[PDB]
């Protein structure tokens, strides 16, 4: 077996938790020896530890520089009842990203045989999603009745306290929230986006809504311009690429009619939403990579961008055949292992991480596919059961195809 090194692993929930075991059992552990630091981020063990396991996992990623994460449940009211939880725990992803910081870079996994839903996307679209702040570290509450909601800033220095009226509720109640972001975090966000654009050789676009959030989003736009003009403007010219700020609604329209081949710097919320749209446009939520690259340049957290796929977990619980796509969870392992190999100049691990990705593509392009991708080719009404493999047949086929590729080399 290859000696892989130290890797922080985080277990998830429902359908992805099951696929996670198959990946470890059929594709990884037979060929790689790892100092696997495992953290159960399943909903029950997060509840049992009062979510401390989530903060422990984040700290381990700081120590060992590589984390691979399975999709997890973020509970609302209906999940508190289903699992008898103590409280509505925050998203484990929000907690992990808030401790590490950085940019979540997402990108579709492309197969030559899979038609897109968007006709023009002949090149990849890479989304750089800011991983900090905004709605994912906000403080929201219900306004019970009439009253004023105000937002106040108290400076650390000589007091110049400022009180802003949010809304005076004259009758009835409602909702209110405050959210924030950090100058330093936005600077890291900008650097990560300019570097990625230059590294790939593609233009870079940043989307905000600064016409409406004039000071909030205007900070994002200004900091990108300043960093561009001071550190990156010349290297952009030398590579024959450009940087441009666009309104977010203009940007989604341009992306929809684009040919692809650009970097898309997104604020936290838009990066969430638009990365599922892009992934689905290219084929399936199961065909997309997601890597949190930290500002240190050395630490990464690879993950599946999709959720736990509970709707498929429901069918599995009623003993109905499931055809869930494991590729995004598999590429979380391979991308994490690839970065682990790059930190240690591990030749054998680099080759294994590439071979494991090559096996996924080669298998799909040969006609062996989960139902989601078979629907891309034939159209959902024209799909028969012969057109695809169930969840377990597909991972059986990847396990066989990987064993053969590794036996050959």
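Positions refer to the first chain, counted from 1.
May I ask you to compare 318 to 326 and 305 to 313 by their mean CA B factor in the entry and name the higher one?
Here the higher of the two C-alpha B-factor means belongs to 318 to 326.
State which stretch shows the higher mean Cα B factor in the entry: 197 to 205 or 261 to 269.
The deposited B-factors put 197 to 205 ahead on the C-alpha mean.
Which one, 277, 334, 284, 87, has the peak C-alpha temperature factor per the PDB entry?
Each of 277, 334, 284, 87 was compared by C-alpha B-factor; the highest is 87.
Name the one of 139, 74, 152, 289 with the greatest CA B-factor according to the PDB entry.
152 has the highest C-alpha B-factor of those listed.
Ordered by C-alpha B-factor within the chain, which third holds residue 238? Give me lowest, middle or highest, please.
Its C-alpha B-factor, which the entry lists for residue 238, ranks in the highest third among residues of this chain.
Using the B-factor values recorded in the entry, state whether the Cα atom of residue 47 falls in the lowest, middle or highest third among the modelled residues of its chain.
Middle third of the chain for residue 47's C-alpha B-factor.
Comparing residue 101 with the other modelled residues of its chain, is its CA B-factor in the lowest, middle or highest third?
Ranked within chain, residue 101 CA B lands in the lowest tercile.
Residue 227's Cα B-factor: lowest, middle or highest third of the chain?
For residue 227, whose C-alpha B-factor we compare with every modelled residue in the chain, the answer is the highest third.
Would you mind checking where the Cα B-factor of residue 11 ranks among the modelled residues of its chain, as the lowest, middle or highest third?
CA B-factor rank for residue 11: middle third.
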